[PDB]
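Residue numbers (the deposited numbering), protein chains in the order written: chain E, 88 to 125, 135 to 174; chain A, 4 to 252; chain C, 21 to 245; chain G, 6 to 248; chain I, 30 to 47, 62 to 117, 126 to 193, 198 to 220; chain B, 17 to 250; chain F, 1 to 234.
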């Protein structure tokens, strides 16, 4: 999921000359989990944090289901 | 209609049983008896003949559409013993095979290469766990120019052989025994008559004598193989054969 | 996670390799077989890789012959590439790596065979090696694989001397096999035999993979009838 | 004992139990019928009204293929929609290639082959529909019923769905009493009578009678719906007869 | 250039100067191109026609050899004997075919066709046909020695003579 | 321990008997031809097959599998050696390709092994006359003599009594007809037996003459009259 | 205590002609929060109650724009609503560039039925587990469609789907003659929808973020209201 998210960020940067929105990167790692890489779960819960000029400072819980939510604060793990 | 991974036990897919049997193929033999139709095929001196029973108990059917005799090409035809959907599949396949052969090789598909081709297709359906056997026996007839009058029969295992005469259906063993005892008496490999009018006449007689029931025009179907024409008799032409049996004896 | 493939070879007849101070000695035994199964064939025990290298096999000929042909192809390719023939170490490592791959990759099966690669090259002199389904290989002074491995290795250990001649290694291989034979006598038709020696007199590597009469002659030297 | 769990399998009898179970889905559908006339085909169906919220002019049970083939079905609703789409594109394919309207028997075989293919592989299920279809071509009137096995025949009159027993029995009386063949105007009236007689087993639900016809004299051999006064005349015939 | 073919009274002949294009035991060719013929098409059709024979259990027809030539060349002459009887054909880069009681092709053709037209008979016996083929190619000559010939009689295994004149 | 290949071997052990015998100057392959009905024309199916003019085969087990195998084996003998090397294979090469075809079926899931065992017999310039058994596994073995099918245990006991390194092809034919006679299910005559040799070349069966290089089939199926002539002494 | 043998796959039929796996996919629609749709002749309206995971959470998207003249809502499953809605966006873009038309909302319905029925017929796949209410405007007027995961679509004047929808559905059935005559006034059609969704909130209460609304028809593009934009409809 991380090396997919890294490859997704660098490909958007060289396409629009602009930084990826944090929702759109969160969506991309969820699509990977719906594809199972290429109704199964895939991988692990992620907290995804970032800033973009449109929707400001954002925190997302990306889930093994290939779905997500934005949170003002979120705890995961123990 | 694509292939995919799926599960099965040794009698739900074509797989060898502990005793080397393929149950899915033996159960496709039982599917051939389902229509409750008997058929008969015999060789003349310069023709070959195929007679089928016709059952249309349902008064709401158009009887013209109920048909188990199929025209594969100008020279060659078949009768199917089995469910009509599988029969129409086998007919569409045999028509396409014959057209593709006449295109490539430049002469009309012999009856020994069509039965072999259809038997090779049935062997691929007998080793495939993703596709079933067809519930059909196919009897092909023509008056070949290489072997003359020809009957070839193919079955759900992809076995085939040529025949002197044959019968197929629920009561075939009596028709077969009465044919065996005819050739044991006459000692020819054919019915010794020079015109298709006398062979279609002799076949209807044997069908009546074996099944113990008389036929109206509508209870029978007929095929008449001659060089450069396989054809099926209309009911007024079959009436001629039936009217020539009553006047004769 | 391969030990069943190492169990497989334990049944497969027996091969002995013994290295002298001036040569190497491969011996192997054919399993007794049906009267009508053909013997005059390519599927034997003592094969070859090049004019300087020979192998004896335990395990199935169908897994052996692919590796033997790969070795022949790779040895021909090396001689074609450098005009000096392949070192024994590079042949066994090349054959040890192909065999390791088919054991670790779950799309493939471990090769159920273990060859004793005898050879000569000037980088290390005469070289006796064993390789097995795991893809590991070891250098030896003497070794055996397949049937009666344990009994044969004790008789090897208590009689082997580092200074011995090739002729002493002929005796030791034949006497080991006649000590540890499953049949209560040993005969030329069950025995396959080969040597690698220093020429007729000059510097060349001379192989012999012995014909049945030469085997009879060394059996009647060695007092096995 | 496991022969009935997947689609390719023959039972020990040599029958495909998943296709036996697909025709149980057809037997739970709304009753629909067809009548072969002297020069055409009439189709009729009981359209069950499930609530006031359905937009009344846009739920239509009778389906049009090309311009000369009428179609109606009983059982799974997504499966009927798929056979009607195969039908529309199969007819449009022949019309593009040969520039002439598809023969009803050739159209029927292309569907029979499609539906039979869905009995071959265990990677798919059968269709849960029987289709009654028919029309007028160069050879005159044709009426067909096609079933989940890919089996089809030509009919004089055809019935499928929940009321099929009562409808078959009435259709036999039409055939017995009119052995020359019915006019399209009388076949419309007589089809309305058979759908009302089929609904008396199901009186708990409201229904709309829906009729269409395709006749060489009444419709120039183009398939059209029975609308306005003729529909109401056929309703009033079915209503005096059901008393 | 080399070709004369004669559809004689019990079989067929083709002659050439020193062709070897044995398509099947009963089917033969000759041709100008020589590098696309022999290897390539006549080896490649020769496989397909032996497979056709083993598959169908019948002799291979000359019309099958013609179909396969026309679709596998996608200026040869073809001759052979079927269960149908004897045939002679020629094939063209246009995608066409023709049949004649006799033929010749290439630079010697008109001179050879005059010698053919001077001597053809509908009852022509095989030595007379072989002689006509021989002498029409001899008239085409002032590759190797002057004549070789292939002959296919209705009842018989083909006879090729590595030279005749 | 049993799997799908042990069941394909049981299909072979249930199938009609066939055999092979190798002599000093040739090979015999032979079998019974069993009829499903007395109305069946038994000439219209072949039990013994030509693969190349110098290689022939006979089977035991499922006849339809063997027919698709031999069609593929012929295509294999063509696309591989005739179409690139210009010449037909040694028996060893074609037996390896037949075993490769049989192993591919036992390997692929959603396929079953071929329910046949094959005896493949032929000639080669380097190897001379040879006989090989190919099993449903896709494994191959060379044999001096062998039998497959129902009668194989009694047949192999008679072949062990009667084989020696000095048999001539004509006496191997007598041993083969004696071995088929004991296992016979139907009648025993030239119409129920099928028999072939790979032996001397037969220049008549080349079907053309002239080119000195070609010598015609080493392979020959005996006619029913030639069998009946031998059966008068047998 | 019971063991359904005929619900393991989407390709099994029950002995009674049932596709249980498709029925269980209809039971998945009643897992998502309520949505309402309704229409007149000039306008069609969606209204949806949006859930959240926690008080720190953003609200889950219920309404999606497929084109300037149509869009849908998604009760039951959220990720199954994006596979269908993405395809419906593709088919609208394709209809603009290939035919120079806006996709007809009936045509869009058939394309969803087609895509959904294929999953119902093939092994390894699962029927969709999402119910769509599609609204649109085209040359035939204002439209509302209910798509069901079996592969079926229905033309309605109004409906409700999601958990506890029978309340809103029963209010629409009782109010039908009134909301279908709300022409030339979009706000009253929105209020009739928000009163219908208020019958499904059993004791619960609408708020700016808990409520989302959409409208299309006549001069108005498909628009979504949520957040402060729904404040005049609470």
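No residue lacks a Cβ here, since even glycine has one placed at the ideal position from N, Cα and C.
Which residues in chain G have a C-beta closer than 7 Å to the C-beta of residue i? List them in chain order.
| i | result |
| --- | --- |
| residue 134 of chain A | 13, 125 and 126 |
Are the C-beta of residue i and some C-beta of chain A separated by less than 8 Å?
| i | result |
| --- | --- |
| residue 124 of chain F | yes |
| residue 74 of chain B | no |
| residue 169 of chain G | no |
| residue 23 of chain B | yes |
| residue 61 of chain B | yes |
| residue 123 of chain B | no |
| residue 189 of chain I | no |
Name the two residues that bound the continuous alpha helix (DSSP H) containing residue i.
| i | result |
| --- | --- |
| residue 101 of chain G | 82 to 103 |
| residue 322 of chain C | The structure shown does not extend to residue 322 of chain C, since chain C spans only 21 to 245, so no value can be given for it. |
| residue 215 of chain G | First-last for residue 215 of chain G: 212 to 220, but that is the beta strand (DSSP E), not the alpha helix (DSSP H). |
| residue 30 of chain A | 26 to 34 |
Taking DSSP's pairing of strands, which residues face residue i in a bridge?
| i | result |
| --- | --- |
| residue 141 of chain C | C:145 |
| residue 162 of chain C | C:38 |
| residue 163 of chain G | G:39 |
| residue 184 of chain C | Per DSSP, none; premise fails for residue 184 of chain C. |
| residue 207 of chain I | I:41 |
| residue 152 of chain A | A:146 |
| residue 158 of chain G | G:150 |
| residue 149 of chain I | I:141 |
With 8 Å set as the bound, which would you pick, yes or no: does the beta-carbon of residue i sit closer than that to a beta-carbon of chain F?
| i | result |
| --- | --- |
| residue 118 of chain A | no |
| residue 9 of chain A | yes |
Could you tell me whether any Cβ in chain E is nearer than 8 Å to the Cβ of residue i?
| i | result |
| --- | --- |
| residue 235 of chain F | This structure cannot speak to residue 235 of chain F, because chain F is shown only from 1 to 234. |
First and last residue of the beta strand (DSSP E) that includes residue i?
| i | result |
| --- | --- |
| residue 45 of chain A | 42 to 46 |
| residue 159 of chain B | Premise fails: residue 159 of chain B is in no beta strand (DSSP E) and is neither H nor E. |
| residue 170 of chain A | 168 to 171 |
| residue 70 of chain F | 70 to 76 |
| residue 140 of chain G | 134 to 142 |
For a contact meaning CB atoms closer than 9 Å, what does residue i contact in chain A?
| i | result |
| --- | --- |
| residue 56 of chain B | 156, 164, 165, 166, 167 and 169 |
| residue 148 of chain I | Per Cβ cutoff of 9 Å: no residues; residue 148 of chain I is ~11 Å from chain A at best. |
| residue 94 of chain G | By Cβ distance, chain A contributes nothing, its closest Cβ being about 16 Å from residue 94 of chain G, past 9 Å. |
Just to make sure I have the definition right: I need the residues of chain I whose C-beta is within less than 8 Å of the C-beta of residue i. Which are they?
| i | result |
| --- | --- |
| residue 12 of chain B | The shown model of chain B, from 17 to 250, leaves out residue 12 of chain B, and the question about it has no answer. |
Taking residue i as the query, report the chain A residues whose CB atoms sit under 7 Å from its CB, ordered along the chain.
| i | result |
| --- | --- |
| residue 17 of chain G | 30 |
Is the shortest distance between the beta-carbon of residue i and the beta-carbons of chain C less than 8 Å?
| i | result |
| --- | --- |
| residue 158 of chain B | yes |
| residue 182 of chain B | no |
8 Å is my cut-off, CB to CB: does residue i come that close to chain G?
| i | result |
| --- | --- |
| residue 88 of chain A | yes |
| residue 106 of chain A | no |
Answer with yes or no whether the minimum CB distance from residue i to chain B is below 8 Å.
| i | result |
| --- | --- |
| residue 61 of chain C | yes |
Is any beta-carbon of chain I found at less than 8 Å from that of residue i?
| i | result |
| --- | --- |
| residue 227 of chain B | yes |
List the residues of chain F that residue i touches, going by C-beta distances under 9 Å, in chain order.
| i | result |
| --- | --- |
| residue 115 of chain E | Here the premise fails: no neighbours, minimum Cβ distance about 13 Å. |
So residue i contacts chain F; which residues on that side make the cut at Cβ distance below 7 Å?
| i | result |
| --- | --- |
| residue 169 of chain E | 56 |
- Query: For the stretch 201 to 221 of chain B against the stretch 40 to 55 of chain B, are there 3 or more C-beta pairs whose distance is under 8 Å?
  - Reply: yes
- Query: Using 8 Å as the Cβ pair cut-off and three pairs as the minimum, do the stretch 123 to 139 of chain A and the stretch 33 to 43 of chain B touch?
  - Reply: no
- Just checking, does the stretch 192 to 199 of chain A make contact with the stretch 154 to 165 of chain A on the three C-beta pairs under 8 Å criterion? no
- Task: Report yes or no: do the stretch 73 to 87 of chain G and the stretch 192 to 210 of chain G share at least 3 C-beta pairs separated by less than 8 Å?
- Result: no
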